[PDB]
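**Student:** This structure is in structure tokens; I'll ask about it shortly.
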Amino acid sequence: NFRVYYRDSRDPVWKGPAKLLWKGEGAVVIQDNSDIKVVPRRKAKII
Amino acid sequence: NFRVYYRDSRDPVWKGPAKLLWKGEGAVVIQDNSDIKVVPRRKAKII
Amino acid sequence: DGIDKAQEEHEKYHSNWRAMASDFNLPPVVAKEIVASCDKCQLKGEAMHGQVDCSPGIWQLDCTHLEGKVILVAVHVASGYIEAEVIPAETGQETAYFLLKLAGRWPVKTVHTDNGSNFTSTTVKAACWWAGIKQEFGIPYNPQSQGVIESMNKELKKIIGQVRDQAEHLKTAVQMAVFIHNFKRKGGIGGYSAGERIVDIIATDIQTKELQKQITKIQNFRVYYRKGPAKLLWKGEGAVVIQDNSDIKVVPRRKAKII
Amino acid sequence: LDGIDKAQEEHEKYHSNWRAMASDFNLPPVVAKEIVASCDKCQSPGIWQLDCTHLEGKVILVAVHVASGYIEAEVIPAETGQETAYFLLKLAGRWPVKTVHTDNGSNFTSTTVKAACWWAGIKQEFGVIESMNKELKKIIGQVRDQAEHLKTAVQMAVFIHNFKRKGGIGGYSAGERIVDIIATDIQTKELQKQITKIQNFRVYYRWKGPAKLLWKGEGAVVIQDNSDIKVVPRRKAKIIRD
Amino acid sequence: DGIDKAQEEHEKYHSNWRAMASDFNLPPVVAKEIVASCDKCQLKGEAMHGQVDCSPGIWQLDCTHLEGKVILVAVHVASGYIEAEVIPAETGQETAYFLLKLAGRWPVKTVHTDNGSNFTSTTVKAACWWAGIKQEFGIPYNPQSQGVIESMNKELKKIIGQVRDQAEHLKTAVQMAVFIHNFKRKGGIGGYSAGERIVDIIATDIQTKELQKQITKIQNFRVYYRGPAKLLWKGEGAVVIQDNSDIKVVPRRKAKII
Amino acid sequence: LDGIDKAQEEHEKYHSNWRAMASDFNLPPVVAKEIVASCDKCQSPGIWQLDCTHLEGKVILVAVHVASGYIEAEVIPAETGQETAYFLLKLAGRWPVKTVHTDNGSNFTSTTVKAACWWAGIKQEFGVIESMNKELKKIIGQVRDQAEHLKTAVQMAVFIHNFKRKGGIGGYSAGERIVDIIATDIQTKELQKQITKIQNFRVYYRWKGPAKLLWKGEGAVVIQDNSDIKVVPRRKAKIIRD
Amino acid sequence: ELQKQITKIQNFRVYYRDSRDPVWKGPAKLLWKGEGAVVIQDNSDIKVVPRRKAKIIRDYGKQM
Amino acid sequence: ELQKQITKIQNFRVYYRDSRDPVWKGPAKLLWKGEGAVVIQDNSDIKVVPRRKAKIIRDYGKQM
DNA sequence: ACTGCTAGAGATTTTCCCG
DNA sequence: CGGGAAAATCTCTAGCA
DNA sequence: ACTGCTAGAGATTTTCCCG
DNA sequence: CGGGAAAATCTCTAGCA
Ligand SMILES: C[C@@H]1CCO[C@H]2Cn3cc(C(=O)NCc4ccc(F)cc4F)c(=O)c(O)c3C(=O)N12
Ligand SMILES: C[C@@H]1CCO[C@H]2Cn3cc(C(=O)NCc4ccc(F)cc4F)c(=O)c(O)c3C(=O)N12
Ligand SMILES: [Mg+2]
Ligand SMILES: [Mg+2]
Ligand SMILES: [Mg+2]
Ligand SMILES: [Mg+2]
Ligand SMILES: [Zn+2]
Ligand SMILES: [Zn+2]
């Protein structure tokens, strides 16, 4: 798996860790506490 | 001489024309309506 | 050895891998391994920019607000051709009407808009459904997904300031600005104005579609590479393009037999 | 090059237009255009017609592109000069309108519409209109039950007519026809621009006096001299401004 | 011929030179000349970024606001070393006190701040005057002039978020953040932390000044190139000559020393 | 390289420290350091002392850098643990404090100051101090006329003392001395870090058993082998991790 | 038959981009248009570009 | 006399920039420090940098 | 499972027109 | 084959709620 | 007469350690 | 002389009121 730390929207503080459900070009679909979110890769770090 | 069209500060609409008293690196000192102003070259066009 | 001391140092100070390595003589790999285990140290994301869709059928819509008046704008991403209009109240009905006017004049196959309330209104959903348009929504509070249209807003607004003194109504000035942008500003990929560019884009789409249809109808070849009967698409100049299991692959003439 | 004599032969035997010769014979468009122009014997897209059709006491201003039947209809609250001027402004902005044909109504002659045409660079003037309008009315009646207003039904009918009604030589809807026509107009305009910018140059070959210059390529130059088209190497050709 | 038509087109549509030239077959020079004559068509300035001063003795000051509390911050431009402190009220007296504390601990020669009210307060002016500091102000509403300190206002703030759960008060968190930034984050030009970098900058300044003074005291040569000028350095066939506040690099040819 | 035997002879005759040998003999610092360490016969900057001086019924916490006389003084309202802890935190943040000397006051022993020292990584332990403090008091008395309050006078006195009172071997004010001392400490720390990084390597020269590798250059490698410092070409030396 | 159709399909300019490069590249000559992938030749480099990253035009300014 | 002092003054690293380039360049060896102009040598390139655009250090990670 | 971009301003480099 | 000046290309930035 | 910058995240390229 | 993997460098972006 992967660990993804993200900033969702207009929310300066970062969140995570979350599971990486899907990775694309320019955006990534993650699962934070069973909540599926979509975040641009400018607002995510994957480890 | 030169013609300088500038945006002064937090003022989206541009002004000018004004005379060019002095030109530097990154900022220019102009004379608009006999008022001497300093404007970053990012906020000025010289012709 | 120094791993435990550096771990305590980080737990207290949240040092970057560089400081940990230079202080406790750690290897950079271990320093970054430690720094990557601190949830409070993941305060930055990948430095890059995505790429919005540029298909011929993609249109990007957005509301802008000028002089206390709502201007609904749509842009053809592939060409930069814009259609804008002043609407009194930013509501679902007016947005659906504008979108339906747009669809009936140009071949709109998809609308990529922000998550505004009006663009999400069920009336707009029904209007898209009837006209066979596919709605797309950017990430919430991610204006970059709509960059093109957003850019146009500024551009559009700029032009208005130039011509707002030649008209009394704002709708008039908006139409003047749209006209100037579409048929009096030249640049872009083809040195065209936006209207000419969209005309060229759409005409080229139709032409290429029909040519490809005719060639496929007349031309048919089965190709073996290295292993099945792939469908030929292009051949010559040392390379051959073959479709096999929804895979467009280019292989040299060698190890590529046609029958 | 080398197909100019074939171009002349085919043109004389068949009297074809420059487009066809250039496409078939691979000639540059400019040389084909000057060939077709030479033949004295062998010797419109941006015009729309407006009409206000009344339904349910509501004015529907319909503009028809004669060359393709492309329809653009808008419900206007009242037959005032302001609304017609705004409609014309929208039309000119969205499409390259050069001339408009009207019925010389009270509103169509208003000073407001006059100024709108003047600024937008359109000139006013006073068999397809009737057929297209009747088709639009039929479609409106067909799809009037799916809309709770009249402007919505008008837009639905316009969409159906422009993009779902396929007809003509190639079974192409109105949208395809209009986009093709405007593309052809653009090609013509670019050709004319190149001709205008090149006609001011003179060429000395072999030295032989000035001759009309048609095309400059990579190693050859095609010129016109006394109705005779000649391809000359660049080395023995000198280009002069005046 | 087409110039009049192009002028009448631009007076209404404000077309760019490209469209004018393409439509009316104008030369690009003439199209740009026409477009440059329209005052309403000058809506963009030259795309570039200046360069802030990075002298050793320059400090950039700015107020940031965190959790409703004013944090006054100063940064050593040449090294990124930062001092910070929570002040109860964004007033002139507290800013002057902060600046006087800073001056007495580090060799501050000039301060470059925004045009905030507190930084313009006459108390701060007097404090700068007494401590022999030179006050510099960026162009109004041009935060890029302070791009260094502003940057720290982010970086410092970021650190404050990591260590705000280790302190009850915001002043303690601010001081912890300053400490971490100065002596626990490494990078920059020299791979140093900010504190090490400032120490190196100041020590190098003093050392270079003293060595140069001694060399000038002992070494002295008069040069003629191509009048009697001073010599500063010679090597690898090149010579550095000082003449009327002009530093020039000239080869040995047309360069003689007496 | 080169002047290594000369370095040994000079060290034996004069017992100089590695800094002087390396600077004079152009040697890398590491080899000079290993040379000086070899001689048994030939065999502090980040320690401050705090004292609370009471003037006009107001506490002034003065921290003195013993190695240079650098003074950092702050007026504090009350002799509480919180104020001293905050002062120590500011001092540690601004300067590299490793050990603090205190008079074992009640405030200095408070759990708050204990935690502040623990977090900032400082160690507490309980002739220059008195002279420095009395000099500060003299300057405060001198400049009090120019200050509206006492904190302003304290800061003016600190500035005058640190950057306007020039004295010592080289006539350097306290600021110059402290920057020099901290720079020297940084140089020492870098040398020690490099030594630790390199000490874990073995070298086989000419084959001869493992030897202590000291410096690696462009084409020469300086190693230690049984109190013997030898420069070997890069080839004849094989380096290993052990 | 196929000759002229191929010749005039390969006359369409194509502008493309890659996943990280944000600048549209020069007019690669078109070679084939697919549903979502277009095959092009940018100076004898035969590449496959996703349709969403491709602008296919018939540059009339160049064509004339 | 002058030899060792010159060597020491030339042992200092300098980082500089030009009027348009926004990124600091490599550590050019110092050659001379003036009031407002510092003369440096970046790989045998003798240049004059304004003092405000110059960071002069004595990098110890490299000195050691 | 989605995605920054557009147009203008100087700077710099080709490149056609003159030898 | 060598230059000159204009043309073409490149780099960079404001602003879009 | 003054002036965007800093630190981190992936990519990409050297370059020292193994043959 | 040729590679491998880590180190050094490079490019790019958020955000600072
Ligand atoms: C309530 C709707 C739905 C939810 O989102 C909000 C907020 N929003 C914000 C911007 C905005 O921030 N534009 C500036 C900008 C900044 C960066 C960039 F790359 C591009 C840019 F345009 C808009 O333009 C915009 O239309 C909206 C909007 O409509 N909404
Ligand atoms: C009332 C004082 C005096 C007059 O000016 C205002 C407004 N201002 C604005 C910003 C600001 O816009 N920061 C964001 C930002 C944007 C761009 C960039 F390059 C750097 C940046 F920091 C400040 O930070 C700031 O301190 C002030 C301020 O203090 N004042
Ligand atoms: Mg929006
Ligand atoms: Mg928007
Ligand atoms: Mg401020
Ligand atoms: Mg600020
Ligand atoms: Zn951490
Ligand atoms: Zn204009």
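Cβ placement follows ideal geometry from the backbone for every residue including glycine, while neighbour counts extend to all protein chains displayed. Bear in mind these aren't lab numbers, they're just calculated from the coordinates by the rules spelled out.
**Student:** Report, to two decimal places, the Cα Rg of the range F:47-181 normalised by 2.2 N^0.38 Å (N = number of residues).
**Tutor:** For the range F:47-181, the normalised Cα radius of gyration comes out at 1.02.
**Student:** Would you mind listing how long the protein assembly as shown runs along its three principal axes, going by Cα atoms, in whole Å with the largest first?
**Tutor:** Extents along the principal axes, in whole Å: 115, 72, 71.
**Student:** Too long at a 28 Å Cα-Cα cut-off: which of C:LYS134/C:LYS213; C:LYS227/G:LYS47; C:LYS44/E:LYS134; C:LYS209/D:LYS230?
**Tutor:** Over 28 Å Cα-Cα: C:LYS44/E:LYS134; C:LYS209/D:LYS230.
**Student:** Regarding chain A, what is the average projected area of its C-alpha convex hull, in nm²?
**Tutor:** 2.9 nm²
**Student:** Need the C-alpha centroid separation for chain H versus the range D:210-229, integer Å.
**Tutor:** When both Cα centres are located, 63 Å separates them.
**Student:** Are there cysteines in chain C with no other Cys C-beta under 4.7 Å, and if so, which?
**Tutor:** Result for chain C is C:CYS54, C:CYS63, C:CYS128, no neighbouring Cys Cβ within the cutoff.
**Student:** Dividing the convex hull volume of the alpha carbon atoms of the range F:5-115 by its residue count, what do you get in Å³ per residue?
**Tutor:** It is 151 Å³ per residue.
**Student:** Hey, what D do you get for chain D in µm²/s if you plug the Kirkwood alpha-carbon radius into Stokes-Einstein at 10 °C and 1.306 mPa s?
**Tutor:** 74 µm²/s
**Student:** Mind checking the mean number of beta-carbon atoms from other chains within 10 Å of the Cβ atoms in C:204-215?
**Tutor:** Mean partner shielding for this stretch: 6.
**Student:** Return E:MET48, C:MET176 ranked ascending by Cβ neighbour count within 10 Å, so the fewest neighbours appear first.
**Tutor:** The order, fewest Cβ neighbours first, is E:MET48, C:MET176.
**Student:** Taking every residue in F:148-161, how many Cβ atoms of other protein chains lie within 10 Å of its Cβ, on average?
**Tutor:** Partner-chain Cβ atoms within 10 Å, mean over residues of F:148-161: 4.
**Student:** Next up: Over the Cα atoms of the range E:147-258, how large are the radius of gyration and the largest Cα-Cα distance (Dmax), in Å?
**Tutor:** Both quantities, over Cα of the range E:147-258: 23.7, 71 Å.
**Student:** Against the empirical 2.2 N^0.38 Å scaling, what ratio does the C-alpha Rg of the range E:197-249 come to?
**Tutor:** That works out to 1.39 for the range E:197-249.
**Student:** While we're looking at this one, here's another question. Tell me, rounded to the nearest percent, the portion of alpha carbon pairs in the range D:107-193 spaced more than 21 Å apart.
**Tutor:** Result for the distance tail: 57 percent.
**Student:** Provide the descending list of Cα extents for the range C:57-168 along its principal axes, expressed in whole angstroms.
**Tutor:** The Cα atoms of the range C:57-168 stretch 40, 29, 26 Å along their principal axes.
**Student:** Going by the alpha-carbon gyration tensor, a ≥ b ≥ c the square roots of its eigenvalues, is the range F:200-242 rounded (a/c under 1.5) or, if a/c is not under 1.5, prolate (a/b greater than b/c) versus oblate?
**Tutor:** Rounded, since a/c falls under 1.5.
**Student:** Right, next: Can you tell me the equivalent ellipsoid semi-axes for the range D:156-242? Use √(5λ) from the Cα gyration tensor, largest first, whole Å.
**Tutor:** Semi-axes (√(5λ), whole Å): 46, 12, 10.
**Student:** Moving on. Using every pair of alpha-carbon atoms in chain C, split the distances into 10 Å bins beginning at 0 and state the percent of pairs per bin, rounded to integers.
**Tutor:** Calculated over all Cα pairs of chain C, the distribution is 6, 20, 19, 15, 16, 16, 7, 0 percent.
**Student:** What do you get for Rg/Rh of the range C:1-96 when both radii come from the Cα atoms and Rh is the Kirkwood radius?
**Tutor:** 1.43
**Student:** Mind pulling up the Rg/Rh value for the range F:1-43? Radius of gyration and Kirkwood radius, both on Cα.
**Tutor:** 0.90
**Student:** Could you tell me what fraction of 2.2 N^0.38 Å the Cα radius of gyration of chain G comes to, as a two-decimal ratio?
**Tutor:** The value comes to 1.10.
**Student:** Follow-up. Taking beta carbons within 10 Å but only from partner chains, what does the mean come to for residues D:186-193?
**Tutor:** Mean number of neighbouring Cβ atoms from other chains: 6.
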